[PDB]
Each structure stands twice: as structure tokens, then as C-alpha cells.
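Structure file entry-v4.csv (CSV, N, CA and C atoms) follows.
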chain,number,residue,atom,x,y,z
R,1,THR,N,105.1,98.2,81.6
R,1,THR,CA,104.6,99.5,81.9
R,1,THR,C,105.7,100.6,81.7
R,2,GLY,N,105.3,101.8,81.6
R,2,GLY,CA,106.3,102.9,81.7
R,2,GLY,C,106.7,103.1,83.1
R,3,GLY,N,108.0,103.5,83.3
R,3,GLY,CA,108.5,103.6,84.6
R,3,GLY,C,108.4,102.3,85.4
R,4,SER,N,107.8,102.3,86.6
R,4,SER,CA,107.9,101.3,87.6
R,4,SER,C,106.7,101.1,88.4
R,5,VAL,N,106.7,100.3,89.4
R,5,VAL,CA,105.5,99.9,90.1
R,5,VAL,C,105.9,99.4,91.5
R,6,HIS,N,105.4,100.0,92.5
R,6,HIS,CA,105.3,99.5,93.9
R,6,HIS,C,103.9,99.3,94.4
R,7,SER,N,103.0,99.5,93.4
R,7,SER,CA,101.6,99.2,93.6
R,7,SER,C,101.3,97.7,93.4
R,8,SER,N,100.5,97.2,94.3
R,8,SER,CA,100.3,95.8,94.2
R,8,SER,C,99.1,95.5,93.3
R,9,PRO,N,99.2,94.5,92.5
R,9,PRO,CA,98.0,94.2,91.6
R,9,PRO,C,96.8,93.8,92.3
R,10,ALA,N,95.6,94.0,91.7
R,10,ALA,CA,94.4,93.5,92.1
R,10,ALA,C,93.7,92.7,90.9
R,11,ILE,N,93.0,91.7,91.2
R,11,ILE,CA,92.4,90.8,90.1
R,11,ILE,C,90.9,91.1,90.1
R,12,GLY,N,90.3,91.4,88.9
R,12,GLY,CA,88.9,91.4,88.7
R,12,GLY,C,88.3,90.0,88.6
R,13,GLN,N,87.0,90.0,88.5
R,13,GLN,CA,86.2,88.8,88.4
R,13,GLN,C,86.4,88.1,87.1
R,14,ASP,N,86.7,88.8,86.0
R,14,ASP,CA,87.0,88.3,84.7
R,14,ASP,C,88.4,88.0,84.5
R,15,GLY,N,89.2,88.1,85.6
R,15,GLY,CA,90.6,87.8,85.5
R,15,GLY,C,91.5,89.0,85.1
R,16,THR,N,90.9,90.1,84.8
R,16,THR,CA,91.7,91.3,84.5
R,16,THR,C,92.6,91.7,85.7
R,17,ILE,N,93.9,92.0,85.4
R,17,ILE,CA,94.8,92.4,86.4
R,17,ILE,C,95.0,93.9,86.3
R,18,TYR,N,94.8,94.6,87.5
R,18,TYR,CA,95.0,96.0,87.5
R,18,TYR,C,96.2,96.3,88.4
R,19,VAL,N,97.0,97.3,87.9
R,19,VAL,CA,98.2,97.7,88.7
R,19,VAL,C,98.5,99.2,88.3
R,20,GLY,N,98.9,100.0,89.3
R,20,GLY,CA,99.3,101.3,89.0
R,20,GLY,C,100.7,101.4,88.6
R,21,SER,N,101.2,102.5,88.2
R,21,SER,CA,102.5,102.7,87.6
R,21,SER,C,103.1,104.1,87.9
R,22,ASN,N,104.4,104.2,88.0
R,22,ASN,CA,105.1,105.5,88.2
R,22,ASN,C,104.9,106.5,87.0
R,23,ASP,N,104.4,106.0,85.9
R,23,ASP,CA,104.2,106.8,84.8
R,23,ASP,C,102.8,107.4,84.8
R,24,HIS,N,102.1,107.3,85.9
R,24,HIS,CA,100.8,107.9,86.1
R,24,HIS,C,99.5,107.2,85.6
R,25,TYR,N,99.7,106.0,85.1
R,25,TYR,CA,98.6,105.2,84.7
R,25,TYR,C,98.1,104.1,85.7
R,26,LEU,N,96.8,103.8,85.7
R,26,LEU,CA,96.3,102.6,86.1
R,26,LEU,C,96.2,101.6,84.9
R,27,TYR,N,96.9,100.5,84.9
R,27,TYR,CA,96.9,99.6,83.8
R,27,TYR,C,95.9,98.5,84.1
R,28,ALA,N,95.1,98.1,83.1
R,28,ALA,CA,94.3,96.9,83.1
R,28,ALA,C,94.9,96.0,82.1
R,29,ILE,N,95.3,94.8,82.5
R,29,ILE,CA,96.0,93.9,81.7
R,29,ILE,C,95.2,92.6,81.7
R,30,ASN,N,95.0,92.0,80.5
R,30,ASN,CA,94.3,90.7,80.3
R,30,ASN,C,95.2,89.6,80.9
R,31,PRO,N,94.6,88.5,81.3
R,31,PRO,CA,95.4,87.3,81.8
R,31,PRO,C,96.4,86.7,80.7
R,32,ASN,N,96.3,87.1,79.5
R,32,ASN,CA,97.3,86.7,78.5
R,32,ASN,C,98.5,87.7,78.4
R,33,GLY,N,98.5,88.7,79.2
R,33,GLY,CA,99.6,89.7,79.1
R,33,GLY,C,99.4,90.8,78.2
R,34,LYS,N,98.3,90.8,77.4
R,34,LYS,CA,98.0,91.9,76.5
R,34,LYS,C,97.2,93.0,77.2
R,35,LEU,N,97.5,94.3,76.9
R,35,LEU,CA,96.9,95.4,77.5
R,35,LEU,C,95.4,95.4,77.1
R,36,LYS,N,94.6,95.6,78.1
R,36,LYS,CA,93.1,95.9,77.9
R,36,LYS,C,92.9,97.4,77.7
R,37,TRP,N,93.4,98.2,78.7
R,37,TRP,CA,93.3,99.6,78.6
R,37,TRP,C,94.3,100.2,79.7
R,38,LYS,N,94.6,101.5,79.6
R,38,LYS,CA,95.3,102.2,80.6
R,38,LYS,C,94.6,103.5,80.9
R,39,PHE,N,94.4,103.8,82.1
R,39,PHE,CA,93.7,105.0,82.5
R,39,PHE,C,94.6,106.1,83.0
R,40,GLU,N,94.5,107.3,82.5
R,40,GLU,CA,95.5,108.3,82.9
R,40,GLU,C,95.0,109.0,84.1
R,41,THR,N,95.8,108.9,85.2
R,41,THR,CA,95.6,109.7,86.4
R,41,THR,C,96.6,110.9,86.4
R,42,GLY,N,96.4,111.7,87.4
R,42,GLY,CA,97.2,112.9,87.5
R,42,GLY,C,98.6,112.8,88.2
R,43,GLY,N,99.0,111.5,88.6
R,43,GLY,CA,100.2,111.4,89.3
R,43,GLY,C,100.5,109.9,89.5
R,44,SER,N,101.6,109.6,90.1
R,44,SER,CA,102.1,108.3,90.2
R,44,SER,C,101.2,107.5,91.1
R,45,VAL,N,100.8,106.3,90.7
R,45,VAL,CA,99.9,105.4,91.3
R,45,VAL,C,100.7,104.4,92.1
R,46,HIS,N,101.0,104.6,93.4
R,46,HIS,CA,101.6,103.6,94.2
R,46,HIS,C,100.5,102.8,95.0
R,47,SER,N,99.3,103.4,95.2
R,47,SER,CA,98.2,102.7,95.9
R,47,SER,C,97.9,101.4,95.1
R,48,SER,N,97.6,100.4,95.9
R,48,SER,CA,97.0,99.2,95.2
R,48,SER,C,95.5,99.3,95.0
R,49,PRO,N,95.0,98.9,93.8
R,49,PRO,CA,93.6,99.1,93.5
R,49,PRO,C,92.7,98.2,94.3
R,50,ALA,N,91.5,98.6,94.5
R,50,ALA,CA,90.4,97.8,95.0
R,50,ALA,C,89.3,97.7,94.0
R,51,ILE,N,88.6,96.6,94.0
R,51,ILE,CA,87.6,96.3,93.1
R,51,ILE,C,86.3,96.1,93.7
R,52,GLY,N,85.3,96.8,93.3
R,52,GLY,CA,83.9,96.7,93.8
R,52,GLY,C,83.1,95.5,93.3
R,53,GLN,N,82.0,95.2,94.0
R,53,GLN,CA,81.2,94.1,93.6
R,53,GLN,C,80.6,94.2,92.2
R,54,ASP,N,80.5,95.5,91.7
R,54,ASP,CA,80.1,95.7,90.3
R,54,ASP,C,81.3,95.9,89.4
R,55,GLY,N,82.5,95.6,89.8
R,55,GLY,CA,83.6,95.7,88.9
R,55,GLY,C,84.3,97.0,88.9
R,56,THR,N,83.7,98.1,89.5
R,56,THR,CA,84.4,99.4,89.6
R,56,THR,C,85.8,99.2,90.2
R,57,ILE,N,86.8,99.9,89.7
R,57,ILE,CA,88.1,99.9,90.2
R,57,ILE,C,88.4,101.2,90.9
R,58,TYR,N,88.9,101.1,92.1
R,58,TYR,CA,89.2,102.3,92.9
R,58,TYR,C,90.7,102.4,93.2
R,59,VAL,N,91.3,103.5,93.0
R,59,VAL,CA,92.7,103.7,93.3
R,59,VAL,C,92.9,105.1,93.7
R,60,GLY,N,93.9,105.3,94.7
R,60,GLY,CA,94.3,106.6,95.1
R,60,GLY,C,95.3,107.1,94.1
R,61,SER,N,95.5,108.4,94.2
R,61,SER,CA,96.5,109.1,93.4
R,61,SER,C,97.3,110.2,94.1
R,62,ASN,N,98.6,110.4,93.8
R,62,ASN,CA,99.4,111.3,94.5
R,62,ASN,C,98.8,112.7,94.4
R,63,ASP,N,98.2,113.1,93.3
R,63,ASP,CA,97.4,114.3,93.3
R,63,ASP,C,96.3,114.3,94.3
R,64,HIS,N,95.4,115.3,94.3
R,64,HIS,CA,94.2,115.0,95.0
R,64,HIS,C,93.5,113.8,94.3
R,65,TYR,N,92.6,113.2,95.1
R,65,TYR,CA,91.5,112.3,94.5
R,65,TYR,C,91.7,110.8,94.8
R,66,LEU,N,90.6,110.2,95.2
R,66,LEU,CA,90.3,108.8,94.9
R,66,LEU,C,89.6,108.7,93.6
R,67,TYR,N,90.1,107.8,92.7
R,67,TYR,CA,89.5,107.6,91.4
R,67,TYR,C,88.6,106.3,91.5
R,68,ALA,N,87.4,106.5,90.8
R,68,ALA,CA,86.6,105.3,90.5
R,68,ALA,C,86.5,105.2,89.0
R,69,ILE,N,87.0,104.0,88.5
R,69,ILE,CA,87.1,103.8,87.1
R,69,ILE,C,86.2,102.6,86.7
R,70,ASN,N,85.4,102.8,85.7
R,70,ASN,CA,84.5,101.7,85.2
R,70,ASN,C,85.4,100.6,84.6
R,71,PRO,N,84.9,99.3,84.5
R,71,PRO,CA,85.6,98.2,83.9
R,71,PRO,C,86.0,98.5,82.5
R,72,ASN,N,85.3,99.3,81.8
R,72,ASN,CA,85.7,99.7,80.4
R,72,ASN,C,86.8,100.8,80.4
R,73,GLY,N,87.3,101.2,81.5
R,73,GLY,CA,88.4,102.1,81.5
R,73,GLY,C,88.0,103.6,81.5
R,74,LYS,N,86.7,103.9,81.6
R,74,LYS,CA,86.2,105.2,81.6
R,74,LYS,C,86.0,105.7,83.1
R,75,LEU,N,86.4,106.9,83.3
R,75,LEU,CA,86.2,107.5,84.6
R,75,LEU,C,84.7,107.5,85.0
R,76,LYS,N,84.5,106.9,86.2
R,76,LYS,CA,83.2,107.0,86.8
R,76,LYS,C,83.1,108.3,87.7
R,77,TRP,N,84.0,108.5,88.6
R,77,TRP,CA,84.1,109.7,89.3
R,77,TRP,C,85.5,109.8,89.9
R,78,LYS,N,85.9,111.0,90.3
R,78,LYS,CA,87.1,111.3,91.2
R,78,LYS,C,86.6,112.1,92.4
R,79,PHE,N,87.1,111.8,93.5
R,79,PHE,CA,86.7,112.5,94.7
R,79,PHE,C,87.7,113.6,94.9
Using the file provided, produce a representation of the structure as C-alpha cells.
Amino acid sequence: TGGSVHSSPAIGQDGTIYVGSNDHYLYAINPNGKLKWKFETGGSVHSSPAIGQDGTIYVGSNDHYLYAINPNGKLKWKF
């Protein structure tokens, strides 16, 4: 990742690994180590992500907002 990470990873049901980064992204990494996608948030993601029953990924951000991201990496909403 760019920068660093004190965010703890979370695992999806398909084995995707999600982790935030100091460079402002939430990363979705495949179990083979290859990037699936990275979602651009407004600030450093030290929050650990949580995964909903439908696969939605939730993470907090140093800016305003809890983010809800679809498994395809597209914003569902920000609070």
C-alpha cells in the first residue's frame, strides 16, 4: 500500500481482504496478493473495516463520514 497501516484487516466471504491505509484508501486485496480495487476516502483510514451480511464494507474516515462501499468498490453511501 502507499504509506502505512494501523488498520486491522477484515475478511469478506469470498476471501477478499480489506484494509485501510495512511494514503487515504480502503484496499480490497485478493487472497493471491493481487489488488482487487482501492477506494478513495477523504483521509487516513485507521479504522478497521466491518463487513455486512450482504458484503457491504463499512469503514470510518478521519474526515467526516462512515463510508459504506459495495463489494465492487463503488460508494454505496457516506454518512
Go ahead and compute the interatomic distance for atom N of residue R:38 and atom CA of residue R:8, in Å to one decimal.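 For atom N of residue R:38 relative to atom CA of residue R:8, the distance reads 16.7 Å.
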Practice problem: Using only N, CA and C atoms, find all polymer residues with an atom at most 7 Å away from the point (83.3, 105.2, 91.2); report them as a ChimeraX atom specification. | Solution: /R:56-58,67-70,75-78
One decimal place gives the atom CA of residue R:33-atom N of residue R:52 separation as 21.4 Å
Residues of chain R in strand (DSSP E or B), written as number ranges by chain | R: 10-11, 17-20, 25-29, 35-40, 50-51, 57-60, 66-69, 75-78
Find the residues near residue R:18: any atom within 7 Å, counting all atoms listed in the file, skip ones fewer than 3 places away on the same chain, and give them as a PDB file with N, CA and C atoms, in the frame of the given file.
ATOM      1  N   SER R   8     100.500  97.200  94.300  1.00  0.00           N
ATOM      2  CA  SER R   8     100.300  95.800  94.200  1.00  0.00           C
ATOM      3  C   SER R   8      99.100  95.500  93.300  1.00  0.00           C
ATOM      4  N   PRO R   9      99.200  94.500  92.500  1.00  0.00           N
ATOM      5  CA  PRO R   9      98.000  94.200  91.600  1.00  0.00           C
ATOM      6  C   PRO R   9      96.800  93.800  92.300  1.00  0.00           C
ATOM      7  N   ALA R  10      95.600  94.000  91.700  1.00  0.00           N
ATOM      8  CA  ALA R  10      94.400  93.500  92.100  1.00  0.00           C
ATOM      9  C   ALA R  10      93.700  92.700  90.900  1.00  0.00           C
ATOM     10  N   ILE R  11      93.000  91.700  91.200  1.00  0.00           N
ATOM     11  CA  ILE R  11      92.400  90.800  90.100  1.00  0.00           C
ATOM     12  C   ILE R  11      90.900  91.100  90.100  1.00  0.00           C
ATOM     13  N   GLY R  12      90.300  91.400  88.900  1.00  0.00           N
ATOM     14  CA  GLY R  12      88.900  91.400  88.700  1.00  0.00           C
ATOM     15  C   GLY R  12      88.300  90.000  88.600  1.00  0.00           C
ATOM     16  N   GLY R  15      89.200  88.100  85.600  1.00  0.00           N
ATOM     17  CA  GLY R  15      90.600  87.800  85.500  1.00  0.00           C
ATOM     18  C   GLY R  15      91.500  89.000  85.100  1.00  0.00           C
ATOM     19  N   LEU R  26      96.800 103.800  85.700  1.00  0.00           N
ATOM     20  CA  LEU R  26      96.300 102.600  86.100  1.00  0.00           C
ATOM     21  C   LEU R  26      96.200 101.600  84.900  1.00  0.00           C
ATOM     22  N   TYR R  27      96.900 100.500  84.900  1.00  0.00           N
ATOM     23  CA  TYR R  27      96.900  99.600  83.800  1.00  0.00           C
ATOM     24  C   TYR R  27      95.900  98.500  84.100  1.00  0.00           C
ATOM     25  N   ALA R  28      95.100  98.100  83.100  1.00  0.00           N
ATOM     26  CA  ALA R  28      94.300  96.900  83.100  1.00  0.00           C
ATOM     27  C   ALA R  28      94.900  96.000  82.100  1.00  0.00           C
ATOM     28  N   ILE R  29      95.300  94.800  82.500  1.00  0.00           N
ATOM     29  CA  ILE R  29      96.000  93.900  81.700  1.00  0.00           C
ATOM     30  C   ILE R  29      95.200  92.600  81.700  1.00  0.00           C
ATOM     31  N   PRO R  49      95.000  98.900  93.800  1.00  0.00           N
ATOM     32  CA  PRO R  49      93.600  99.100  93.500  1.00  0.00           C
ATOM     33  C   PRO R  49      92.700  98.200  94.300  1.00  0.00           C
TER      34      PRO R  49
END
Check your understanding: Counting all atoms listed in the file, which of R:73, R:34, R:13, R:23 gets nearest to residue R:51?
Key ->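 Ranked by minimum distance to residue R:51, first place goes to R:13.
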Correct to one decimal, the distance atom CA of residue R:71-atom CA of residue R:20 is 14.9 Å
Emit a file covering stretch 17-54 of chain R of the preceding structure with N, CA, C and O atoms, as a PDB file, in the first residue's frame.
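Dumped to part_39.pdb:
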ATOM      1  N   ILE R  17      -9.594  -9.466   1.226  1.00  0.00           N
ATOM      2  CA  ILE R  17      -9.066  -8.844   2.420  1.00  0.00           C
ATOM      3  C   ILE R  17      -9.153  -7.341   2.249  1.00  0.00           C
ATOM      4  O   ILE R  17      -8.657  -6.791   1.255  1.00  0.00           O
ATOM      5  N   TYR R  18      -9.803  -6.681   3.206  1.00  0.00           N
ATOM      6  CA  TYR R  18      -9.923  -5.235   3.198  1.00  0.00           C
ATOM      7  C   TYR R  18      -9.049  -4.631   4.285  1.00  0.00           C
ATOM      8  O   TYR R  18      -9.035  -5.108   5.419  1.00  0.00           O
ATOM      9  N   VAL R  19      -8.335  -3.570   3.953  1.00  0.00           N
ATOM     10  CA  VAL R  19      -7.557  -2.867   4.967  1.00  0.00           C
ATOM     11  C   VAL R  19      -7.426  -1.413   4.548  1.00  0.00           C
ATOM     12  O   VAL R  19      -7.300  -1.120   3.370  1.00  0.00           O
ATOM     13  N   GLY R  20      -7.475  -0.491   5.526  1.00  0.00           N
ATOM     14  CA  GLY R  20      -7.268   0.919   5.259  1.00  0.00           C
ATOM     15  C   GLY R  20      -5.826   1.255   5.285  1.00  0.00           C
ATOM     16  O   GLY R  20      -5.025   0.452   5.702  1.00  0.00           O
ATOM     17  N   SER R  21      -5.508   2.472   4.829  1.00  0.00           N
ATOM     18  CA  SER R  21      -4.118   2.901   4.677  1.00  0.00           C
ATOM     19  C   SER R  21      -3.947   4.392   4.929  1.00  0.00           C
ATOM     20  O   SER R  21      -4.873   5.179   4.715  1.00  0.00           O
ATOM     21  N   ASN R  22      -2.727   4.766   5.343  1.00  0.00           N
ATOM     22  CA  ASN R  22      -2.396   6.166   5.608  1.00  0.00           C
ATOM     23  C   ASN R  22      -2.504   7.024   4.362  1.00  0.00           C
ATOM     24  O   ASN R  22      -2.638   8.254   4.471  1.00  0.00           O
ATOM     25  N   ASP R  23      -2.493   6.417   3.187  1.00  0.00           N
ATOM     26  CA  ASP R  23      -2.587   7.169   1.946  1.00  0.00           C
ATOM     27  C   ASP R  23      -4.025   7.448   1.536  1.00  0.00           C
ATOM     28  O   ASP R  23      -4.262   7.835   0.387  1.00  0.00           O
ATOM     29  N   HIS R  24      -4.986   7.224   2.428  1.00  0.00           N
ATOM     30  CA  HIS R  24      -6.403   7.582   2.267  1.00  0.00           C
ATOM     31  C   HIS R  24      -7.257   6.561   1.515  1.00  0.00           C
ATOM     32  O   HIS R  24      -8.423   6.840   1.200  1.00  0.00           O
ATOM     33  N   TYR R  25      -6.743   5.384   1.232  1.00  0.00           N
ATOM     34  CA  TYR R  25      -7.523   4.371   0.543  1.00  0.00           C
ATOM     35  C   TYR R  25      -8.003   3.288   1.493  1.00  0.00           C
ATOM     36  O   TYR R  25      -7.346   2.965   2.490  1.00  0.00           O
ATOM     37  N   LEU R  26      -9.161   2.716   1.171  1.00  0.00           N
ATOM     38  CA  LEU R  26      -9.509   1.374   1.593  1.00  0.00           C
ATOM     39  C   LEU R  26      -9.135   0.419   0.466  1.00  0.00           C
ATOM     40  O   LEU R  26      -9.658   0.534  -0.645  1.00  0.00           O
ATOM     41  N   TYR R  27      -8.232  -0.505   0.754  1.00  0.00           N
ATOM     42  CA  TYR R  27      -7.772  -1.505  -0.203  1.00  0.00           C
ATOM     43  C   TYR R  27      -8.613  -2.767  -0.072  1.00  0.00           C
ATOM     44  O   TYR R  27      -8.966  -3.185   1.039  1.00  0.00           O
ATOM     45  N   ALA R  28      -8.947  -3.352  -1.224  1.00  0.00           N
ATOM     46  CA  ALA R  28      -9.523  -4.680  -1.333  1.00  0.00           C
ATOM     47  C   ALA R  28      -8.502  -5.506  -2.079  1.00  0.00           C
ATOM     48  O   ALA R  28      -8.196  -5.208  -3.235  1.00  0.00           O
ATOM     49  N   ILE R  29      -7.956  -6.506  -1.403  1.00  0.00           N
ATOM     50  CA  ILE R  29      -6.876  -7.342  -1.932  1.00  0.00           C
ATOM     51  C   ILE R  29      -7.384  -8.782  -2.059  1.00  0.00           C
ATOM     52  O   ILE R  29      -7.988  -9.327  -1.128  1.00  0.00           O
ATOM     53  N   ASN R  30      -7.115  -9.412  -3.211  1.00  0.00           N
ATOM     54  CA  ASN R  30      -7.498 -10.817  -3.392  1.00  0.00           C
ATOM     55  C   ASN R  30      -6.585 -11.714  -2.548  1.00  0.00           C
ATOM     56  O   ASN R  30      -5.484 -11.315  -2.185  1.00  0.00           O
ATOM     57  N   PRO R  31      -7.035 -12.930  -2.219  1.00  0.00           N
ATOM     58  CA  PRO R  31      -6.200 -13.855  -1.424  1.00  0.00           C
ATOM     59  C   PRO R  31      -4.901 -14.246  -2.092  1.00  0.00           C
ATOM     60  O   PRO R  31      -4.054 -14.869  -1.456  1.00  0.00           O
ATOM     61  N   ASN R  32      -4.728 -13.939  -3.353  1.00  0.00           N
ATOM     62  CA  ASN R  32      -3.457 -14.170  -4.003  1.00  0.00           C
ATOM     63  C   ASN R  32      -2.495 -12.993  -3.898  1.00  0.00           C
ATOM     64  O   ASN R  32      -1.409 -13.072  -4.466  1.00  0.00           O
ATOM     65  N   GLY R  33      -2.858 -11.915  -3.205  1.00  0.00           N
ATOM     66  CA  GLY R  33      -1.996 -10.756  -3.081  1.00  0.00           C
ATOM     67  C   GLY R  33      -2.164  -9.709  -4.156  1.00  0.00           C
ATOM     68  O   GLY R  33      -1.522  -8.663  -4.083  1.00  0.00           O
ATOM     69  N   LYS R  34      -3.010  -9.956  -5.138  1.00  0.00           N
ATOM     70  CA  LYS R  34      -3.260  -9.004  -6.206  1.00  0.00           C
ATOM     71  C   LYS R  34      -4.422  -8.091  -5.840  1.00  0.00           C
ATOM     72  O   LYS R  34      -5.443  -8.535  -5.309  1.00  0.00           O
ATOM     73  N   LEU R  35      -4.259  -6.814  -6.176  1.00  0.00           N
ATOM     74  CA  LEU R  35      -5.250  -5.810  -5.863  1.00  0.00           C
ATOM     75  C   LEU R  35      -6.536  -6.123  -6.607  1.00  0.00           C
ATOM     76  O   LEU R  35      -6.523  -6.460  -7.800  1.00  0.00           O
ATOM     77  N   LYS R  36      -7.644  -6.041  -5.886  1.00  0.00           N
ATOM     78  CA  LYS R  36      -8.963  -6.091  -6.497  1.00  0.00           C
ATOM     79  C   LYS R  36      -9.417  -4.686  -6.872  1.00  0.00           C
ATOM     80  O   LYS R  36      -9.747  -4.421  -8.039  1.00  0.00           O
ATOM     81  N   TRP R  37      -9.433  -3.780  -5.888  1.00  0.00           N
ATOM     82  CA  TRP R  37      -9.702  -2.365  -6.112  1.00  0.00           C
ATOM     83  C   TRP R  37      -9.241  -1.616  -4.884  1.00  0.00           C
ATOM     84  O   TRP R  37      -8.956  -2.216  -3.852  1.00  0.00           O
ATOM     85  N   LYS R  38      -9.138  -0.299  -5.023  1.00  0.00           N
ATOM     86  CA  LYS R  38      -8.903   0.581  -3.893  1.00  0.00           C
ATOM     87  C   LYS R  38      -9.862   1.748  -3.987  1.00  0.00           C
ATOM     88  O   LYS R  38     -10.066   2.309  -5.061  1.00  0.00           O
ATOM     89  N   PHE R  39     -10.474   2.086  -2.874  1.00  0.00           N
ATOM     90  CA  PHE R  39     -11.493   3.112  -2.837  1.00  0.00           C
ATOM     91  C   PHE R  39     -10.954   4.343  -2.123  1.00  0.00           C
ATOM     92  O   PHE R  39     -10.426   4.247  -1.007  1.00  0.00           O
ATOM     93  N   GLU R  40     -11.131   5.490  -2.750  1.00  0.00           N
ATOM     94  CA  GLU R  40     -10.537   6.733  -2.296  1.00  0.00           C
ATOM     95  C   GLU R  40     -11.467   7.367  -1.273  1.00  0.00           C
ATOM     96  O   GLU R  40     -12.615   7.704  -1.589  1.00  0.00           O
ATOM     97  N   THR R  41     -10.982   7.470  -0.033  1.00  0.00           N
ATOM     98  CA  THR R  41     -11.642   8.219   1.025  1.00  0.00           C
ATOM     99  C   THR R  41     -10.951   9.561   1.206  1.00  0.00           C
ATOM    100  O   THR R  41      -9.900   9.841   0.621  1.00  0.00           O
ATOM    101  N   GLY R  42     -11.555  10.392   2.040  1.00  0.00           N
ATOM    102  CA  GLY R  42     -11.060  11.740   2.233  1.00  0.00           C
ATOM    103  C   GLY R  42      -9.919  11.891   3.205  1.00  0.00           C
ATOM    104  O   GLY R  42      -9.443  13.012   3.407  1.00  0.00           O
ATOM    105  N   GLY R  43      -9.456  10.805   3.811  1.00  0.00           N
ATOM    106  CA  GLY R  43      -8.463  10.916   4.861  1.00  0.00           C
ATOM    107  C   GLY R  43      -7.965   9.549   5.270  1.00  0.00           C
ATOM    108  O   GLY R  43      -8.453   8.520   4.796  1.00  0.00           O
ATOM    109  N   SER R  44      -6.987   9.561   6.181  1.00  0.00           N
ATOM    110  CA  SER R  44      -6.287   8.339   6.565  1.00  0.00           C
ATOM    111  C   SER R  44      -7.253   7.385   7.238  1.00  0.00           C
ATOM    112  O   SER R  44      -7.986   7.777   8.142  1.00  0.00           O
ATOM    113  N   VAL R  45      -7.254   6.134   6.792  1.00  0.00           N
ATOM    114  CA  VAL R  45      -8.161   5.109   7.291  1.00  0.00           C
ATOM    115  C   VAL R  45      -7.375   4.292   8.311  1.00  0.00           C
ATOM    116  O   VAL R  45      -6.632   3.375   7.947  1.00  0.00           O
ATOM    117  N   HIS R  46      -7.533   4.606   9.594  1.00  0.00           N
ATOM    118  CA  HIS R  46      -7.025   3.747  10.654  1.00  0.00           C
ATOM    119  C   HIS R  46      -8.099   2.859  11.245  1.00  0.00           C
ATOM    120  O   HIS R  46      -7.777   1.896  11.942  1.00  0.00           O
ATOM    121  N   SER R  47      -9.366   3.166  10.985  1.00  0.00           N
ATOM    122  CA  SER R  47     -10.439   2.294  11.433  1.00  0.00           C
ATOM    123  C   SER R  47     -10.314   0.939  10.737  1.00  0.00           C
ATOM    124  O   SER R  47      -9.879   0.860   9.588  1.00  0.00           O
ATOM    125  N   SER R  48     -10.611  -0.147  11.479  1.00  0.00           N
ATOM    126  CA  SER R  48     -10.720  -1.465  10.852  1.00  0.00           C
ATOM    127  C   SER R  48     -12.085  -1.609  10.176  1.00  0.00           C
ATOM    128  O   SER R  48     -13.099  -1.164  10.734  1.00  0.00           O
ATOM    129  N   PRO R  49     -12.159  -2.197   8.975  1.00  0.00           N
ATOM    130  CA  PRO R  49     -13.465  -2.305   8.301  1.00  0.00           C
ATOM    131  C   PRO R  49     -14.349  -3.378   8.907  1.00  0.00           C
ATOM    132  O   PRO R  49     -13.888  -4.343   9.510  1.00  0.00           O
ATOM    133  N   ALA R  50     -15.652  -3.205   8.714  1.00  0.00           N
ATOM    134  CA  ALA R  50     -16.619  -4.215   9.059  1.00  0.00           C
ATOM    135  C   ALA R  50     -17.380  -4.573   7.804  1.00  0.00           C
ATOM    136  O   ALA R  50     -17.566  -3.745   6.923  1.00  0.00           O
ATOM    137  N   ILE R  51     -17.805  -5.820   7.732  1.00  0.00           N
ATOM    138  CA  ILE R  51     -18.440  -6.355   6.545  1.00  0.00           C
ATOM    139  C   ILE R  51     -19.855  -6.799   6.870  1.00  0.00           C
ATOM    140  O   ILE R  51     -20.071  -7.596   7.785  1.00  0.00           O
ATOM    141  N   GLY R  52     -20.819  -6.286   6.109  1.00  0.00           N
ATOM    142  CA  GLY R  52     -22.195  -6.667   6.299  1.00  0.00           C
ATOM    143  C   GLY R  52     -22.553  -8.036   5.672  1.00  0.00           C
ATOM    144  O   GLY R  52     -21.817  -8.610   4.854  1.00  0.00           O
ATOM    145  N   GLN R  53     -23.729  -8.536   6.078  1.00  0.00           N
ATOM    146  CA  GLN R  53     -24.241  -9.820   5.613  1.00  0.00           C
ATOM    147  C   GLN R  53     -24.384  -9.842   4.098  1.00  0.00           C
ATOM    148  O   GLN R  53     -24.338 -10.907   3.484  1.00  0.00           O
ATOM    149  N   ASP R  54     -24.558  -8.681   3.474  1.00  0.00           N
ATOM    150  CA  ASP R  54     -24.647  -8.601   2.024  1.00  0.00           C
ATOM    151  C   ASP R  54     -23.316  -8.219   1.372  1.00  0.00           C
ATOM    152  O   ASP R  54     -23.274  -7.973   0.160  1.00  0.00           O
TER     153      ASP R  54
END
